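The structure appears right after this line, and notes come after that.
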Amino acid sequence: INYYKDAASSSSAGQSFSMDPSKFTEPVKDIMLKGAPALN
Amino acid sequence: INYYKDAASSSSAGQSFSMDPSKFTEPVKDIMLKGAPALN
Amino acid sequence: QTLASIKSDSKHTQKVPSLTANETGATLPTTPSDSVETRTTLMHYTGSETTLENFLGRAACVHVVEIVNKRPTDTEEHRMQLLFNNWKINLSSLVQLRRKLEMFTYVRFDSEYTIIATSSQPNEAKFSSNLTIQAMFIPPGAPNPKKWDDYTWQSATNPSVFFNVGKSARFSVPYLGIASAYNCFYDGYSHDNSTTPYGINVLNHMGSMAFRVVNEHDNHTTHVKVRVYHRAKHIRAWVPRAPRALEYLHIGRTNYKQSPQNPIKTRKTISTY
Amino acid sequence: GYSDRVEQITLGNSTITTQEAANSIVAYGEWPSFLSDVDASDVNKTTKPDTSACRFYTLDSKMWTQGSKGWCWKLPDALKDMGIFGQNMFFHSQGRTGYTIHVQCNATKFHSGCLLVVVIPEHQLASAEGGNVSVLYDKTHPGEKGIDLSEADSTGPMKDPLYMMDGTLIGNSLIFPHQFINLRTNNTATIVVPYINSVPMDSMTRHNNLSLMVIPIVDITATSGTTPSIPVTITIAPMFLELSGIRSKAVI
Amino acid sequence: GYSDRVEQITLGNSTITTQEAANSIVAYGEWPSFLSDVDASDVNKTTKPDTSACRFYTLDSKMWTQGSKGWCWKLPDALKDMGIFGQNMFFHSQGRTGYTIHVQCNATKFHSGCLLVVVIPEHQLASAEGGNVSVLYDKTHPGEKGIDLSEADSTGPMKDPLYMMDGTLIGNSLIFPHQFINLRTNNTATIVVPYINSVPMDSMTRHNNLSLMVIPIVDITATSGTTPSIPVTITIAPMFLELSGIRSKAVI
């Protein structure tokens, strides 16, 4: 299916990934939405 | 993958080789970088 | 498939997902099931459309140049008269693309270019001509042509592309670094000097692309516009950032108008629906 | 037991103790760490000053009063005069480090107001002159003084905090590692930032990596009395400082 | 094969190469090393600058001519201005280090003469004034300049090399780690000295540990021509530098 040898010539495959929003939404050290007070 | 029979018609494959700079950098008979004096 | 929502009934508890502290900087995930009763239902969605790859993977016009078929004039350089027209590569020129890229701090990808040429003859030409167009990539440090027919066009080592007007060329260009990712922004200088230029222009050394009408001079002037499109492949990006709100002024700069128009539209009152 | 609001940070020969804090942030979910043997391209054995540099330094406090527009510091520039860390910046060709940043702002229960503390990587600044005018070295490298957004400067960067000196609305800056100091609750913010770059190591002097901004989203105010004035103190430490390419002290 | 006279010393980012050398000396038969956990009394985690400090520094060369009396340098004082090592001396309460000392003096086969290179620990100097007069700080801490025994100074130390500035005859100074530079053969001396003290670590500024003296036991001379003049170059590096007690830069 590939006609060229350089990687650059390949099609824009094509592999999906799971999401990982925690990098941006939960960078906070040692917390969890337990329903527990955020600051205590 | 080859469509022609003459070798000349083939693509510019494609086989890499290891380097051998000793032909040009160490043509000197019987030496080595031992840290030993070059002339003794 | 996965659930968008999980059946949840009325609660009376000590656990309160609805209260938090944004002061922490966290944006802890919550669901409708935390505020209201809900029915169980499926996502029926993968997010494929929103992948970074699909977002930055659509071709966009990057730059447009104009070159002509014209009898050289002794009094002008072949750049003054557009017999030859060297584009300095920079995806920031046509700002729709620029924004999509600026949304990330560091971006890595292979490029795919598509080059399309169109001719026109505003003069009294007696016939059309499907001119052959040459594009030549000139890496930093490589010779810059002085003449439309200079020796540099031999392209002994420079990648080059030949195509006709009405046709298009397409080719891939691998990530050119030199770093591990392209910088969209650069909070710095080329060196430690008060007068040194500031910003990404410092790092943008992708070279230039020279365009030429290969054909010899005809009996009339022909104008050719060449449009360059770019599409990213195998795209990775890091450190997302807020999109620019204000109009761009110049390439490689984050400058804006001294008295900018506030992007936010106003209303009579905070209470107006 | 323990509460999230109470924390002690020990680093080198210095400590910070807080009683009213929000959980600290580790930017992008990653701790600062040393360059690995598969990241490095630099053949020079690196230097790891450790304690001698990786300690807390405090920047001269600034006053927060009504009408203040906020302030901005550049890293590593802000620490260029800070003892050993400072000197190491000029004796090495390149270096690498993460930071721990603490913004402190005391108040009583009769005060209100809120600071937004944001760490912005590669914060390329807009010139005050607009057009195609660049910002001079001198105005991007104030050191400890920082950039006071309240102070006019026709040759400096754009100052209006609505846009974070780059044509991008402040409202969306929360995409960056950030934390608020809401005088109602916490009185300090703590952000830990890993080294971020496209290059394994880089110049410590021709280039900043992080831009720390502190903006009074809600003006300081008291329930009664005259306009309040609360100092804002910023304390910053290198995390994993790794240096390379020793040479004659740079002169700039 | 190898000859003792040819040697390479690599340290940090610097090297020394010799072709006409005498076997180097490791003073008292012991290599420099770090303070152990049973020697230490200092509870502060120490700093080990390694490469950033432990490299060769060269002191401004001095000319050896007929009539020269010799020269003296104090360690660590001599290196007080030497980049990072220098700065570290003032930012730390105490420190510990050994040294590698190289004395270089080139000549041809038509030259003769001989230097004695001696490293003397705790070389307490006699005042030029004799009596009960002490030597001032300023005259025991010349830094790189060293003490030129050829130069008169009514407030300095005794200068006559017959006694090594302490009432003790030079002839017996060979009891100390020493090496000669006999222009007939070697053209350089190399001495490695471990940290020597009664105290595990000590001030880097109020006290010197070693006194390096170079004395022209036999005056420089040529077989023919005018009085010769040969530079003497001294290159010194810290071996195992260990520092403690970071504080505001000492001012003296």
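Residue numbering restarts at 1 for every chain of the structure tokens, chains are lettered A, B, ... in their displayed order, and ligands are numbered from 1 as they appear.
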Would you list, as a PyMOL selection string, the residues of chain B that end up in alpha helix (DSSP H) under DSSP run on this structure's backbone? chain B and resi 22-25
Shell of 12 Å around residue 155 of chain C, only C-alpha atoms, local chain residues under 3 positions omitted, as a count of residues only: 20
Which residues are close to residue 229 of chain C, i.e. within 9 Å by only C-alpha atoms, leaving aside same-chain residues fewer than 5 positions away? Reply as a ChimeraX atom specification. /C:59-63,112-116
Just want the 12 Å neighbourhood of segment 37-40 of chain B, counted on only C-alpha atoms, with same-chain residues fewer than 2 positions away dropped. Output as JSON, numbers by chain. {"B": [28, 29, 30, 31, 32, 33, 34, 35], "E": [1, 2, 3, 6, 7, 19]}
I need the chosen residues saved as a compact mmCIF listing (two decimals), in the first residue's frame, with N, CA, C and O atoms.
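Result written to part.txt:
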```txt
# COMPACT_ATOMS: atom_id res chain seq x y z
N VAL B 28 47.81 4.06 6.72
CA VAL B 28 49.14 3.88 7.23
C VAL B 28 49.35 2.48 7.73
O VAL B 28 48.55 1.94 8.49
N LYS B 29 50.42 1.88 7.27
CA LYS B 29 50.74 0.51 7.60
C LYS B 29 51.03 0.31 9.09
O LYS B 29 51.90 0.97 9.66
N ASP B 30 50.36 -0.67 9.68
CA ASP B 30 50.58 -1.12 11.06
C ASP B 30 50.49 -0.07 12.19
O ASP B 30 51.30 -0.11 13.11
N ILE B 31 49.48 0.80 12.19
CA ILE B 31 49.34 1.74 13.32
C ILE B 31 47.99 1.63 13.98
O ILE B 31 47.07 1.02 13.45
N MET B 32 47.88 2.22 15.16
CA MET B 32 46.62 2.29 15.89
C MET B 32 46.63 3.41 16.89
O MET B 32 47.65 3.67 17.54
N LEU B 33 45.48 4.04 17.10
CA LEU B 33 45.40 5.07 18.12
C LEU B 33 45.34 4.48 19.50
O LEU B 33 44.29 4.47 20.14
N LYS B 34 46.48 4.06 19.99
CA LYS B 34 46.58 3.47 21.31
C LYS B 34 46.89 4.53 22.35
O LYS B 34 47.03 4.23 23.53
N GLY B 35 47.09 5.75 21.88
CA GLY B 35 47.56 6.82 22.73
C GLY B 35 49.08 6.78 22.78
O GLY B 35 49.72 7.56 23.48
N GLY E 1 54.91 1.30 23.59
CA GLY E 1 54.89 1.34 25.04
C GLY E 1 54.74 2.76 25.54
O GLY E 1 54.43 3.67 24.77
N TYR E 2 54.95 2.96 26.83
CA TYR E 2 54.80 4.27 27.44
C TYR E 2 56.04 4.65 28.20
O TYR E 2 56.77 3.78 28.68
N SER E 3 56.28 5.95 28.33
CA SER E 3 57.39 6.44 29.14
C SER E 3 56.85 7.30 30.25
O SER E 3 55.92 8.06 30.04
N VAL E 6 56.09 11.10 29.63
CA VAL E 6 54.98 11.58 28.81
C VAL E 6 53.67 11.31 29.51
O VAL E 6 53.39 10.18 29.89
N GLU E 7 52.86 12.34 29.70
CA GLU E 7 51.65 12.17 30.48
C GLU E 7 50.54 13.13 30.07
O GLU E 7 50.80 14.25 29.63
N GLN E 19 55.42 16.21 27.75
CA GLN E 19 56.33 15.25 27.13
C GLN E 19 57.61 15.10 27.92
O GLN E 19 58.35 14.12 27.77
```
Would you tabulate, counting only C-alpha atoms, all residues of chain D that have an atom at most 7 Å from an atom of chain A, showing the closest pair of atoms and their distance in Å to one decimal, sorted by chain then ascending number, as CSV?
```
residue,atom,partner,partner_atom,distance
D:3,CA,A:40,CA,4.6
D:4,CA,A:40,CA,4.9
D:5,CA,A:39,CA,5.5
D:22,CA,A:39,CA,6.1
D:23,CA,A:28,CA,6.2
D:24,CA,A:29,CA,5.7
D:25,CA,A:28,CA,4.2
D:26,CA,A:27,CA,5.3
D:27,CA,A:27,CA,5.8
D:28,CA,A:23,CA,4.6
D:29,CA,A:27,CA,4.6
```
Selection from above, C-alpha atoms, as a PDB file, in the first residue's frame, can you write it?
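Writing done, so here's result_11.pdb:
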```
ATOM      1  CA  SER D   3      -5.599  19.299  54.906  1.00  0.00           C
ATOM      2  CA  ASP D   4      -4.798  20.247  51.348  1.00  0.00           C
ATOM      3  CA  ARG D   5      -4.587  23.880  52.338  1.00  0.00           C
ATOM      4  CA  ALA D  22      -4.640  25.736  46.991  1.00  0.00           C
ATOM      5  CA  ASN D  23      -3.342  22.367  45.895  1.00  0.00           C
ATOM      6  CA  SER D  24      -0.179  23.002  43.931  1.00  0.00           C
ATOM      7  CA  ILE D  25      -0.011  22.479  40.187  1.00  0.00           C
ATOM      8  CA  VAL D  26       2.358  20.360  38.273  1.00  0.00           C
ATOM      9  CA  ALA D  27       2.213  21.818  34.837  1.00  0.00           C
ATOM     10  CA  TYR D  28       1.033  19.447  32.175  1.00  0.00           C
ATOM     11  CA  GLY D  29       1.008  16.661  34.727  1.00  0.00           C
TER      12      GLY D  29
END
```
Pull out every residue of chain B that has at least one atom within 12 Å of chain A, counting only C-alpha atoms, and report them as a PyMOL selection string. chain B and resi 1+11-15
Give as a ChimeraX atom specification every residue of chain D that touches chain E within 10 Å, counting only C-alpha atoms. /D:12-13,44-53,83-84,87-88,91-92,243-249
Quote the spacing between atom CA of residue 104 of chain E and atom CA of residue 219 of chain E in Å to one decimal place.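 Interatomic distance, atom CA of residue 104 of chain E to atom CA of residue 219 of chain E: 16.0 Å.
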